[PDB]
Each structure stands twice: as C-alpha cells, then as structure tokens.
Protein chains: 6
Amino acid sequence: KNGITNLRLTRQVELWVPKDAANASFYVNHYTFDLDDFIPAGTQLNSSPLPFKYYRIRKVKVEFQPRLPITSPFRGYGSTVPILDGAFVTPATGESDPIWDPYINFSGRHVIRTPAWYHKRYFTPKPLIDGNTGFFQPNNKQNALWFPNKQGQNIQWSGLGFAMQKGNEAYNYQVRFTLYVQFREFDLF
Amino acid sequence: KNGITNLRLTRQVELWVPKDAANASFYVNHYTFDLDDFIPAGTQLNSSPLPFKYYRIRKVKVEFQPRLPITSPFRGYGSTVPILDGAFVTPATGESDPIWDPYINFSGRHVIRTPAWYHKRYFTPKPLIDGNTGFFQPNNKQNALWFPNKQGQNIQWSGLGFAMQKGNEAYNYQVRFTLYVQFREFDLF
Amino acid sequence: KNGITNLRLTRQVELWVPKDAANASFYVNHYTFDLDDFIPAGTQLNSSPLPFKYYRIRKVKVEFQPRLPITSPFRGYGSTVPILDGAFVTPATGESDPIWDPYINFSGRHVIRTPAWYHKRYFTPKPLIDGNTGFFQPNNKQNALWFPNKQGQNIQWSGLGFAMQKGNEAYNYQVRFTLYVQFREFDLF
Amino acid sequence: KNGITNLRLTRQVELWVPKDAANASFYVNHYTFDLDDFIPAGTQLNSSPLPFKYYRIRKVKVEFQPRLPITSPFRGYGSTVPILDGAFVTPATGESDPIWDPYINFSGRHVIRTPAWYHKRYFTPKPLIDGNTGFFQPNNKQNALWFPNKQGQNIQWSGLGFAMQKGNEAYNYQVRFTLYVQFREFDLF
Amino acid sequence: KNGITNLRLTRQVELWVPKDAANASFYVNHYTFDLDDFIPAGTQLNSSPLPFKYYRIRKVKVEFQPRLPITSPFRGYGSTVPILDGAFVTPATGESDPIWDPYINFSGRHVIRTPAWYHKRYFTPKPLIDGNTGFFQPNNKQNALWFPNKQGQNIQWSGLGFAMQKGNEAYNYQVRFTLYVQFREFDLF
Amino acid sequence: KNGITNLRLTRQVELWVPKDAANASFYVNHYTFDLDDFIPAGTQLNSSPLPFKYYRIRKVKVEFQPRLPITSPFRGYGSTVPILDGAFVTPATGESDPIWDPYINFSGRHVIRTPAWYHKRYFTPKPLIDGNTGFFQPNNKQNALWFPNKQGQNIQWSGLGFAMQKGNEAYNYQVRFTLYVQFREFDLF
C-alpha cells in the first residue's frame with residue numbers, strides 16, 4: 001500500500017546585515033519554519049498545493065550562502081544554534097542589540113565565519129504547539145508524531161537562532177531553507 | 001524514497017434498459033474508462049485534482065448492481081466480455097440492435113442474469129492510443145507501462161462490452177466503475 | 001487482583017429514510033458514541049449506573065437491520081465508512097443533500113444494500129477530545145488509553161458515517177450500537 | 001472475560017467496657033458480619049452501592065485497637081475465638097456475666113492483652129443460613145460457595161466471640177472489621 | 001556527558017490537630033508538593049535557586065513525626081492514602097468535618113497511630129496539570145516525563161490525603177516532606 | 001548518584017597588534033584563565049552564577065581568529081607556546097619588546113601565521129597557586145585535583161604565551177577562550 005510520501009521543499013530568503021561604526025556589536029535573529037510559507041507564491045489555480053492530510057518534518061537543512069568574495073576587508077565570527085523549544089534570546093524593538101554574544105555558551109553552538117563563507121546546519125526541529133505543557137522527552141528517534149495539515153493554519157517549527165557579527169560595512173547573505181517533509185493520507189477529491 | 005502511490009477511484013452511472021414488445025432483442029453497449037471522468041464534478045478550487053504526472057491503471061472492477069427485486073415477472077440472460085482492444089460490435093445509430101446475441105461466442109464471455117442479480121468483472125484494461133501499430137504482446141504481467149497524466153487530454157482504456165437482454169418492461173441498473181490506479185512523480189508547485 | 005472489567009452495552013435507534021421523486025439523491029448522516037447515552041433511560045434509583053472510574057471503548061459494532069422484506073419494489077446501494085477523526089462530510093441545515101455520493105472514494109468504504117439487507121461494521125473508534133493538537137499516531141494496538149468516567153460529561157467517540165440512497169418510497173432501518181467497553185477502578189461508596 | 005472482582009470493605013465500631021468493683025468478672029460479646037452494614041451510611045443517591053449479584057467473603061480481619069496508653073494502672077487478659085457456627089456462649093439479658101472465663105478452653109483461643117495492646121484475628125467465616133441441616137464439611141479451601149446479594153436481606157457470617165476482662169476503671173476499644181469480599185456477575189442497568 | 005542531576009529537597013510543616021468534646025470526629029486535609037516551596041525562604045541573593053530547566057519528581061517521602069510522648073492519655077487511629085489525581089474528599093469551609101472516616105476504604109490505605117507514633121509514606125506522585133484530558137496510563141516505570149522549571153509558576157504534584165482522628169486534647173505533629181528530584185539541562189548565565 | 005557535571009564556558013577578547021616602521025619587532029603577551037571572568041557580565045540577579053563548590057579545568061581551547069582577509073599586503077610568523085608554570089618571558093613596562101623572538105626555542109612551540117589565518121591550541125593548564133613549593137610531577141592523567149570555587153577569589157590557570165610579529169600596518173585578532181570545566185557538589189540553598 002501507500003504509507004509514506006517524502007518531499008523536499010525549499011525556499012530562499014535574503015538576509016541583510018547593517019553596518020556598525022566600530023562597536024563590534026552583534027545582530028541576533030531567529031528562524032521558524034512553517035509549511036504554508038514553502039509553496040511558490042502566486043500559483044493559486046487549485047486551493048491545495050499539498051494534497052495530503054498528515055505531515056511531519058524530518059530534517060531541516062539551513063544553508064547560509066554568502067554574497068561577498070573572500071577578499072573582503074573585514075571578517076567576523078558569529079554563532080548559530082539549533083533551538084528546539086522557541087526560547088530565543090532575540091532582542092525586542094529598540095533594544096539596541098547586545099555588544100556581547102548571547103549565543104556563545106549554548107550546547108550546539110556552531111561558528112559561522114561571516115561574510116564570505118558557507119555555513120550549513122542540518123537537524124531535526126520540534127513544533128511550537130504551545131499546549132505541550134512543557135515536557136521535552138529527549139530524542140524519540142526523529143519526532144515520530146504526525147500533524148494535521150491545515151492550509152494556512154499550520155504550526156511553526158523552531159529552528160536556528162543565529163547571531164552574526166556586524167562589521168564596518170553592511171553586507172548580505174542568501175539563506176536557503178530545506179525541509180525533508182514526510183506525508184500521509186492523500187485526500188484528493 | 002517514494003516509488004508508487006496507489007489510489008482507488010470510483011464512479012457510478014445509471015444504465016437504463018428500455019422495454020421490448022416480445023421480440024427478445026438485445027441491447028448492446030460498450031464501456032471505456034478515462035481518468036478525467038472519475039474526479040467529483042464541481043470541485044474545481046484547484047486545477048489539479050490528481051497532482052501526479054505518471055499513471056497506469058492496474059485493475060478495473062465493474063459492478064452491475066440491480067434495482068428491481070428478485071421477484072420480477074421476467075428474467076433475462078445477457079453476456080459481458082472484457083474487450084482489450086476497442087473492437088466492440090456495438091450498433092450504429094438507427095441500426096435496430098440485433099435479435100441474436102453478438103457477444104455470445106467470445107473468449108471471456110461471462111453471463112449476467114438480468115434484471116435482479118449482481119455481476120462483477122475484475123480485469124486489466126489496455127489503452128486505446130491509436131498509434132500502437134496493432135501488436136498485442138500477450139500479458140506482460142499487468143501492463144507495466146506508465147502514461148503521462150494530462151488534465152483533460154487523457155487516453156481511454158477499453159473495458160467491458162455488455163449485451164443485456166431487453167424484456168417486456170423497461171428496467172434500470174446502477175453500474176459502478178472502480179479503477180485501482182498507480183501513480184508516480186508527485187509534481188506540486 | 002482486579003484489573004479489567006469487560007462490559008457489552010447496547011442501544012437501538014430507529015433510522016427513517018424519506019422518499020424522493022426519482023432524483024436518486026442520497027441522505028447522509030454521521031454517528032458518534034458516548035457512554036452516557038447507553039444506559040437504560042428512566043432507571044435512576046442510584047446516580048451511578050456505571051460505578052467505575054476509568055474506561056475505554058475497545059470495539060464498536062454497528063448493525064443496520066432492515067424493516068422492509070426482500071421483495072421491495074426498489075433497491076439502492078449506499079456506503080458506510082468508519083470515520084476516526086470526526087471530519088464527516090455531512091450536510092448543513094437546508095443544504096439539499098447531494099445527488100452525488102460523498103462517501104464513495106474513502107479508504108474503508110463498505111457498501112450497504114438498502115432497504116432489505118443486514119449490514120455490520122465492527123471497528124475501533126477514536127475519541128473527539130478537541131485538544132489532541134491534530135496528531136493521529138496510527139494504530140497503537142486498539143487505543144490503549146484510559147479516560148475518566150464522568151456521569152453526564154463524557155466525550156464522544158467518532159464512528160460510522162453512512163450515506164444511504166433515498167428511494168421512491170420512504171423506509172425504515174433499525175440500527176443497533178454495541179460497545180465493548182473495558183473498565184477499571186471500581187469506586188463505590 | 002470478567003470472572004472475579006475483589007473488594008476490601010471496612011467499618012469501625014466503638015467498644016465500651018464498663019468498670020467493675022474488684023470482682024474480676026468478664027464481659028462477653030459476639031460478632032457477626034453482614035454485607036449491608038459495611039456501606040457508608042447516608043450515601044443513598046443510587047439504590048445499589050454494590051452492583052454485583054453473587055458474592056462470598058474470603059477473609060475477615062478483625063483488629064482490636066486500643067485507646068488507653070500502655071501505662072494504665074491495671075492490665076487484663078481476655079480471649080478471642082473464631083466461632084464458625086454461631087454457637088456463642090454469650091449471656092442473656094440480666095444474666096450477670098460470668099466470673100469465670102467462658103472462652104478459655106476452645107480450640108482457636110487467642111489471648112488479647114487488654115486495655116492497651118493491639119490484637120488481630122484473620123480468618124475465614126461461615127454463613128448462618130439456618131437451613132444447612134447441621135453438617136460442617138471441614139475446610140473446603142476457603143468456602144467456595146457463592147451467595148446472591150440482596151440489598152438489605154443479606155445473611156450473617158459468624159465470626160469472633162471475644163471475652164475481655166472488666167477492670168477497676170471503664171475503658172474503650174476501637175474495633176475495625178475488614179472483609180475481603182469477592183464478587184461476580186456485574187448487573188447494572 | 002551530563003545527563004541527570006539528583007537532588008533531595010526537604011521542608012518541615014507544623015500540623016495542629018484541635019480538640020474535640022468526645023464526638024470522635026475526624027480532621028481531614030490533603031497535601032500537594034510544588035518545587036517553589038522547598039527552597040529556603042529569605043535567601044534571595046540570586047534569582048535562580050535551582051539553575052536547571054527540566055525536572056521531575058521521582059519519589060516523595062512524607063514523614064509524620066510526633067510531639068507527644070507515648071504515655072498520652074488518649075490514642076487515635078487515622079488513615080493516610082496516596083492520592084495520585086487530586087480527587088481528595090477534603091471538606092469545604094464550615095462543612096463540620098465528618099464523624100465517619102472518609103479515607104477508610106481506599107486502595108492504599110495505610111493506618112497512622114496518632115498522637116505519638118512515627119508514620120512514613122514513600123511513593124511516586126503525579127502532576128496536576130489540568131490539561132491531561134483525564135487518562136491515567138497506569139505505572140509507566142516512575143513517571144518518565146520531564147517538566148520545564150519555571151521560577152514561581154510550577155505545577156503541583158498531588159500526594160497524601162491524611163485523615164487523623166481528633167481527640168479529647170489538641171496536639172501537634174511535625175510533618176517532613178522530602179522530594180527526590182531529578183534535574184537536567186543546567187542553564188546558567 | 002551525581003558525580004561530575006561538565007560545562008563548556010566561552011569568552012572572547014579583542015587583541016590589537018600595533019604597527020611598526022620596518023623593524024620586524026615582536027609583540028609578546030601571556031594569557032591566564034580564571035573562572036570568575038568567564039561569566040556574562042551584567043547578569044547579577046543571583047549572586048552565584050556557578051552553584052557548585054568543587055571544580056577543575058580539564059582542557060582549554062584557545063582560538064586565534066583573524067580579521068584581515070588573506071590578501072593582506074604583509075604576512076608574519078609568530079609562535080605560541082603552552083606555559084604550564086607561569087614563567088612567561090613577557091616584557092616589563094617600557095621594555096621596548098624584543099627584536100628577536102623570545103618564544104622560538106621552547107618545547108611546544110606552535111607557529112601562528114599572522115594576520116589572516118586561524119590558530120588553535122588545545123591543552124591542559126596548571127594552577128598558579130604560589131604555594132606548590134615548586135614540584136612539577138609530570139602529567140598525572142589530566143590534573144585530577146579539585147579546587148574550591150570561591151566567587152571572586154579564584155586562582156589563575158596559566159596558559160598560552162603568544163609572540164606575534166608586528167607588521168607595517170596595525171591589525172586585529174579575535175581570541176576565543178573555551179574552558180571544559182568539570183564540577184562537583186551542587187550546593188544550592
């Protein structure tokens with residue numbers, strides 16, 4: 001019969017890092033993945049671009065791809081972490097983002113060598129359901145738990161919190177999210 | 001990975017058999033199955049109700065279900081055959097459908113006991129591509145040959161030719177087609 | 001010690017199917033089972049007809065028993081499905097119930113031969129708790145999960161969605177629900 | 001299936017022992033256990049606090065718990081026996097309870113050290129049906145014989161005959177009966 | 001690496017039992033354990049006395065230690081039970097606490113010999129999350145389920161319901177709670 | 001039980017190297033690691049950011065990360081050594097830092113390729129207790145000796161002495177210290 005249907009969805013987001021007048025201040029932001037933002041925008045001839053009902057995200061692969069060449073006049077050394085519970089340390093509005101690194105002492109701290117070097121994280125995310133009561137239950141062999149696919153009402157899955165060092169000149173990354181989704185119960189009319 | 005996706009599509013067609021003034025004449029018609037007629041009509045919110053690209057029909061199950069009870073004042077004994085090449089002996093317009101049975105001496109002649117008895121045929125159809133040059137190539141283990149799914153331009157697959165005896169009073173069947181389709185290469189945007 | 005207490009509760013509901021003036025339109029309704037409706041009504045000498053605290057429904061057996069004899073002047077062929085998540089396709093008020101079958105292409109589509117033939121479904125239901133967040137978790141060996149028995153506040157368990165064809169004359173079924181309940185923690189005072 | 005349902009019912013009775021002006025006279029009374037007196041009194045919302053039909057008493061555990069501390073100015077040494085046929089030697093009204101011990105030479109004479117010491121008997125009782133014709137039939141592996149549970153018409157089961165020595169000052173015990181009842185044939189409506 | 005961190009927290013509560021004018025009435029109260037009440041009060045130099053994030057309670061050990069000596073002029077015999085779902089039978093305000101024992105027929109009824117005798121219960125509690133939908137799921141090898149430690153917002157864990165007999169004179173116990181907590185994910189800044 | 005608690009603390013220090021007018025003179029400095037400087041500054045809500053009592057440093061990982069790109073107009077070749085006894089050859093104030101390399105002939109002389117190339121040292125440090133009388137006792141399987149954690153009074157652990165060549169233009173490194181600390185005897189109030 002028809003048990004599992006793999007898919008590999010991909011989106012690309014530009015990521016601007018503004019300049020800084022030699023304060024060596026960081027710029028922190030967080031990433032969440034939700035399945036309704038990975039469809040190509042505009043293509044709305046049929047209302048169900050994903051015609052299944054039950055889905056789960058197996059792996060997320062986040063690629064920080066650069067734009068500047070390797071002979072940039074200034075390097076910088078930030079850190080990315082996989083956050084699996086949505087407790088980011090991201091600043092508020094007008095918080096004046098910290099001079100000291102907030103993502104420096106975490107458990108899965110990978111180092112990203114900004115602004116001219118590729119950086120790949122490949123992990124398993126967890127949902128942000130907000131009714132999970134708080135219990136973690138450490139790794140259950142890649143989150144074997146199916147979720148009902150609702151077109152436009154999907155939950156978010158918490159992923160990378162990156163903290164990249166602002167430099168003397170502003171620069172640009174191209175970030176590429178890939179989700180290795182599994183699907184079940186094809187329900188076309 | 002994701003090789004095959006089974007599906008089980010179903011449609012229902014009313015089948016009227018008009019009366020006859022004791023001539024014992026038959027009423028012959030033929031059936032072809034095409035995938036664009038098995039979707040539910042009206043549901044057109046997204047233009048692709050079948051979001052795959054390559055398909056094949058494994059089995060077709062045609063059920064003649066009756067309407068009259070078993071105490072009808074007149075029986076009748078027709079014949080159904082699986083035609084696998086589209087060479088039906090169906091009458092033309094105004095042909096005055098034959099008094100003798102046309103589907104009596106065929107190879108797979110099953111007998112249907114009209115008008116109050118169930119009758120099931122379960123077989124493998126063949127396409128009507130009209131560019132196959134004529135060669136048959138007897139059974140290749142259930143027609144392992146994939147076809148490109150075009151929305152509204154699909155080919156027909158030849159199936160039952162039924163020849164049911166007209167009686168003294170007109171009656172009604174409910175015919176139910178089921179296709180056990182296989183699919184491949186999910187191509188959603 | 002005293003682990004499990006089996007019980008076999010039974011109720012009977014009349015089911016009327018109104019007539020139709022040769023439109024071959026269907027009549028769709030859905031069934032849910034809740035434990036507080038299976039007690040005999042009127043017998044209220046003690047406030048706890050079920051003196052346990054933890055319960056679960058193992059199997060539900062729904063029997064469509066007929067009333068008309070087998071020599072009825074008109075047959076009809078409907079479909080029953082086990083719905084395990086409460087997503088029935090039942091019409092609204094004044095929806096003018098569909099001419100085409102809504103329960104024709106489902107996974108567990110059994111065919112009921114109305115109006116003179118017995119029809120039995122025997123399955124495992126799932127609760128309708130509305131706080132299950134959406135995950136299905138396919139069959140966990142007959143839903144080993146106990147629920148607190150509250151007298152008059154019990155949850156519903158989603159079962160059959162039947163869609164039976166309306167005929168030329170109105171008719172009647174007698175539907176019989178049986179629940180094979182298990183119980184635990186006898187808590188009498 | 002559902003064969004046996006264990007239960008552990010418990011009641012507590014105050015037991016007063018009046019004083020005596022240095023005659024060293026005893027005070028003899030007998031105990032019988034009947035299932036309709038072990039329910040909590042007042043709780044009458046449903047008329048069947050025990051919703052089974054067939055029952056038997058496996059063990060009875062009678063605990064004499066004291067009230068006075070161990071530094072009482074006077075001890076005393078009585079005797080308890082398990083009577084299994086209702087032939088107690090208890091006094092009549094105005095009999096002026098005997099100066100010599102009546103329960104001194106019996107077969108299962110346990111000694112209770114009154115008035116400051118715990119005393120536990122744990123045995124199997126026998127019914128007082130009064131139509132048993134007199135035959136005893138020594139121990140049949142814990143009286144495997146079921147009895148119909150009638151709400152308010154139950155038979156008595158003969159147990160302890162205790163004979164405790166009256167002292168110079170009146171005192172108090174708290175006696176606690178426990179029945180390890182088995183049940184069968186749950187018959188709720 | 002660093003998986004589990006055991007801890008053994010302890011608090012002490014005085015427990016007064018008021019007098020009674022020879023009615024032999026009980027005094028019932030219930031106990032719940034929450035982790036934010038087990039820290040020493042006043043010591044607030046750093047805002048996180050427990051610097052972990054995920055915790056669970058393995059065992060709770062409740063010790064009723066007495067104050068009166070063993071030569072008290074009046075004994076008494078109460079009962080403690082481990083309640084694991086928060087359904088205590090505790091009285092309301094002005095309910096005039098019952099003359100008959102409410103905790104007499106429960107499953108884990110231990111007897112406490114008041115007012116001069118030690119009494120220890122040692123068990124596993126369950127949370128009172130109020131969104132658990134009601135299912136019990138009997139013992140899963142000591143509640144392997146982690147909970148997020150929130151400073152001042154922690155959930156309660158239901159434990160002992162004790163029912164101790166009031167006497168002729170008021171008295172005093174010293175109750176000592178011990179929690180054998182496990183911890184995970186040390187998250188200091 | 002709870003024996004060892006690993007932690008991985010991290011701090012980052014900017015390291016400026018001033019220019020030189022073609023004398024090819026070096027610039028020598030030394031590094032010591034003390035646990036009270038690795039906490040995030042400002043976060044002082046609770047007075048104990050490390051709530052243990054006994055600690056030891058297993059490994060120190062010092063990363064010299066660059067700032068200039070690899071196409072700098074001038075290279076340079078310095079040397080780092082692990083000093084394990086605090087006998088650095090660092091200059092005094094106004095010493096006019098030597099034209100010849102002081103760290104050239106040592107035992108563990110690694111070469112750092114300044115100013116555009118990463119450089120990692122990963123070793124075990126030794127304390128600077130100043131009461132050790134002078135004896136070395138060569139490697140005792142990674143300094144199995146616990147030290148009492150005093151908040152603000154901790155001893156220093158001697159590490160890298162680096163000697164990096166000054167160039168024609170001033171430049172900048174970002175140095176990152178990581179300590180793989182072990183902890184014992186959690187002593188929270």
# chains A, B, ... in the order shown; residues from 1 in each chain; ligands from 1
$ residues_around --residues "residue 49 in chain A" --least-positions-apart "2" --cutoff "7 Å" --atoms "only C-alpha atoms" --output "list in words"
residues 46, 47 and 51 of chain A; 188 and 189 of chain B
$ write_last_selection --atoms "N, CA and C atoms" --output "compact mmCIF listing (two decimals), in the first residue's frame"
# COMPACT_ATOMS: atom_id res chain seq x y z
N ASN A 46 -5.32 25.84 -7.94
CA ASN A 46 -6.04 24.92 -7.09
C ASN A 46 -5.67 25.21 -5.64
N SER A 47 -6.66 25.13 -4.75
CA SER A 47 -6.52 25.64 -3.40
C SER A 47 -5.66 24.76 -2.50
N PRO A 51 -1.66 18.06 -1.17
CA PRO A 51 -2.96 17.38 -1.12
C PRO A 51 -3.00 16.25 -0.12
N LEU B 188 3.87 18.82 -7.36
CA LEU B 188 3.16 20.01 -6.92
C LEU B 188 4.08 21.23 -6.93
N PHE B 189 3.47 22.39 -7.11
CA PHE B 189 4.15 23.67 -7.02
C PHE B 189 3.87 24.30 -5.66
$ interface_residues --of "chain A" --to "chain F" --cutoff "9 Å" --atoms "only C-alpha atoms" --output "PyMOL selection string"
chain A and resi 70-77+100-102+104-107
$ select_by_dssp --residues "range 7-187 of chain D" --states "strand (DSSP E)" --output "PyMOL selection string"
chain D and resi 7-17+26-33+54-66+76-82+110-114+119-123+126-128+147-148+156-165+171-184
$ atom_distance --atom1 "CA of residue 177 in chain B" --atom2 "CA of residue 92 in chain B"
24.5 Å
$ decode --residues "range 32-55 of chain B" --atoms "N, CA, C and O atoms" --output "PDB file, in the first residue's frame"
ATOM      1  N   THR B  32     -15.674   2.376 -21.773  1.00  0.00           N
ATOM      2  CA  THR B  32     -14.289   2.797 -21.741  1.00  0.00           C
ATOM      3  C   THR B  32     -14.078   3.661 -20.511  1.00  0.00           C
ATOM      4  O   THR B  32     -14.972   4.397 -20.090  1.00  0.00           O
ATOM      5  N   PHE B  33     -12.889   3.561 -19.934  1.00  0.00           N
ATOM      6  CA  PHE B  33     -12.557   4.246 -18.695  1.00  0.00           C
ATOM      7  C   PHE B  33     -11.455   5.247 -18.983  1.00  0.00           C
ATOM      8  O   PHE B  33     -10.421   4.886 -19.550  1.00  0.00           O
ATOM      9  N   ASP B  34     -11.684   6.497 -18.624  1.00  0.00           N
ATOM     10  CA  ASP B  34     -10.680   7.535 -18.764  1.00  0.00           C
ATOM     11  C   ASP B  34     -10.617   8.331 -17.474  1.00  0.00           C
ATOM     12  O   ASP B  34     -11.649   8.636 -16.872  1.00  0.00           O
ATOM     13  N   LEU B  35      -9.393   8.653 -17.055  1.00  0.00           N
ATOM     14  CA  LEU B  35      -9.151   9.111 -15.693  1.00  0.00           C
ATOM     15  C   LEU B  35      -9.742  10.481 -15.397  1.00  0.00           C
ATOM     16  O   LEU B  35      -9.966  10.801 -14.228  1.00  0.00           O
ATOM     17  N   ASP B  36     -10.013  11.291 -16.416  1.00  0.00           N
ATOM     18  CA  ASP B  36     -10.543  12.623 -16.175  1.00  0.00           C
ATOM     19  C   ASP B  36     -12.029  12.629 -15.852  1.00  0.00           C
ATOM     20  O   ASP B  36     -12.554  13.682 -15.477  1.00  0.00           O
ATOM     21  N   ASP B  37     -12.721  11.501 -15.991  1.00  0.00           N
ATOM     22  CA  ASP B  37     -14.136  11.423 -15.657  1.00  0.00           C
ATOM     23  C   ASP B  37     -14.397  10.836 -14.281  1.00  0.00           C
ATOM     24  O   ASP B  37     -15.560  10.725 -13.883  1.00  0.00           O
ATOM     25  N   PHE B  38     -13.355  10.471 -13.542  1.00  0.00           N
ATOM     26  CA  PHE B  38     -13.520   9.845 -12.241  1.00  0.00           C
ATOM     27  C   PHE B  38     -13.359  10.818 -11.086  1.00  0.00           C
ATOM     28  O   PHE B  38     -13.484  10.408  -9.932  1.00  0.00           O
ATOM     29  N   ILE B  39     -13.091  12.088 -11.362  1.00  0.00           N
ATOM     30  CA  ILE B  39     -12.998  13.089 -10.305  1.00  0.00           C
ATOM     31  C   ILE B  39     -14.417  13.520  -9.953  1.00  0.00           C
ATOM     32  O   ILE B  39     -15.327  13.374 -10.783  1.00  0.00           O
ATOM     33  N   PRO B  40     -14.673  13.992  -8.733  1.00  0.00           N
ATOM     34  CA  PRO B  40     -16.004  14.531  -8.422  1.00  0.00           C
ATOM     35  C   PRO B  40     -16.232  15.849  -9.144  1.00  0.00           C
ATOM     36  O   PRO B  40     -15.407  16.763  -9.074  1.00  0.00           O
ATOM     37  N   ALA B  41     -17.358  15.940  -9.845  1.00  0.00           N
ATOM     38  CA  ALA B  41     -17.657  17.113 -10.653  1.00  0.00           C
ATOM     39  C   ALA B  41     -18.077  18.284  -9.777  1.00  0.00           C
ATOM     40  O   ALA B  41     -18.806  18.118  -8.796  1.00  0.00           O
ATOM     41  N   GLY B  42     -17.612  19.476 -10.143  1.00  0.00           N
ATOM     42  CA  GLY B  42     -17.950  20.681  -9.414  1.00  0.00           C
ATOM     43  C   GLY B  42     -16.815  21.183  -8.547  1.00  0.00           C
ATOM     44  O   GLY B  42     -16.619  22.395  -8.407  1.00  0.00           O
ATOM     45  N   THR B  43     -16.058  20.256  -7.961  1.00  0.00           N
ATOM     46  CA  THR B  43     -14.946  20.593  -7.075  1.00  0.00           C
ATOM     47  C   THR B  43     -13.767  21.055  -7.926  1.00  0.00           C
ATOM     48  O   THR B  43     -12.913  20.275  -8.351  1.00  0.00           O
ATOM     49  N   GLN B  44     -13.727  22.364  -8.174  1.00  0.00           N
ATOM     50  CA  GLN B  44     -12.703  22.950  -9.031  1.00  0.00           C
ATOM     51  C   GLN B  44     -12.033  24.142  -8.356  1.00  0.00           C
ATOM     52  O   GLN B  44     -11.870  25.200  -8.972  1.00  0.00           O
ATOM     53  N   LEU B  45     -11.647  23.987  -7.088  1.00  0.00           N
ATOM     54  CA  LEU B  45     -10.945  25.064  -6.399  1.00  0.00           C
ATOM     55  C   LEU B  45      -9.469  25.108  -6.778  1.00  0.00           C
ATOM     56  O   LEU B  45      -8.881  26.193  -6.831  1.00  0.00           O
ATOM     57  N   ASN B  46      -8.863  23.954  -7.046  1.00  0.00           N
ATOM     58  CA  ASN B  46      -7.512  23.861  -7.577  1.00  0.00           C
ATOM     59  C   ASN B  46      -7.551  23.026  -8.850  1.00  0.00           C
ATOM     60  O   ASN B  46      -8.271  22.027  -8.933  1.00  0.00           O
ATOM     61  N   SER B  47      -6.762  23.440  -9.841  1.00  0.00           N
ATOM     62  CA  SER B  47      -6.898  22.909 -11.193  1.00  0.00           C
ATOM     63  C   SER B  47      -6.351  21.497 -11.357  1.00  0.00           C
ATOM     64  O   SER B  47      -6.558  20.899 -12.417  1.00  0.00           O
ATOM     65  N   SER B  48      -5.664  20.951 -10.358  1.00  0.00           N
ATOM     66  CA  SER B  48      -5.090  19.611 -10.453  1.00  0.00           C
ATOM     67  C   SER B  48      -5.659  18.733  -9.349  1.00  0.00           C
ATOM     68  O   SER B  48      -5.118  18.709  -8.230  1.00  0.00           O
ATOM     69  N   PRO B  49      -6.739  17.996  -9.617  1.00  0.00           N
ATOM     70  CA  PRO B  49      -7.239  17.050  -8.615  1.00  0.00           C
ATOM     71  C   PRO B  49      -6.364  15.827  -8.476  1.00  0.00           C
ATOM     72  O   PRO B  49      -6.439  15.147  -7.446  1.00  0.00           O
ATOM     73  N   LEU B  50      -5.546  15.519  -9.475  1.00  0.00           N
ATOM     74  CA  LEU B  50      -4.548  14.456  -9.380  1.00  0.00           C
ATOM     75  C   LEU B  50      -3.177  15.074  -9.588  1.00  0.00           C
ATOM     76  O   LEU B  50      -2.805  15.409 -10.726  1.00  0.00           O
ATOM     77  N   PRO B  51      -2.402  15.245  -8.537  1.00  0.00           N
ATOM     78  CA  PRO B  51      -1.193  16.063  -8.629  1.00  0.00           C
ATOM     79  C   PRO B  51       0.041  15.270  -9.011  1.00  0.00           C
ATOM     80  O   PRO B  51       1.159  15.692  -8.712  1.00  0.00           O
ATOM     81  N   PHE B  52      -0.136  14.102  -9.604  1.00  0.00           N
ATOM     82  CA  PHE B  52       0.981  13.300 -10.073  1.00  0.00           C
ATOM     83  C   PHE B  52       1.168  13.519 -11.568  1.00  0.00           C
ATOM     84  O   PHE B  52       0.403  14.238 -12.210  1.00  0.00           O
ATOM     85  N   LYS B  53       2.195  12.891 -12.129  1.00  0.00           N
ATOM     86  CA  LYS B  53       2.436  13.013 -13.562  1.00  0.00           C
ATOM     87  C   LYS B  53       2.341  11.696 -14.313  1.00  0.00           C
ATOM     88  O   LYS B  53       1.790  11.662 -15.415  1.00  0.00           O
ATOM     89  N   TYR B  54       2.838  10.601 -13.757  1.00  0.00           N
ATOM     90  CA  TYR B  54       2.840   9.324 -14.454  1.00  0.00           C
ATOM     91  C   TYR B  54       1.867   8.369 -13.785  1.00  0.00           C
ATOM     92  O   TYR B  54       1.911   8.179 -12.567  1.00  0.00           O
ATOM     93  N   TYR B  55       1.000   7.755 -14.583  1.00  0.00           N
ATOM     94  CA  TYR B  55      -0.023   6.888 -14.025  1.00  0.00           C
ATOM     95  C   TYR B  55      -0.218   5.666 -14.899  1.00  0.00           C
ATOM     96  O   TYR B  55       0.153   5.649 -16.072  1.00  0.00           O
TER      97      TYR B  55
END
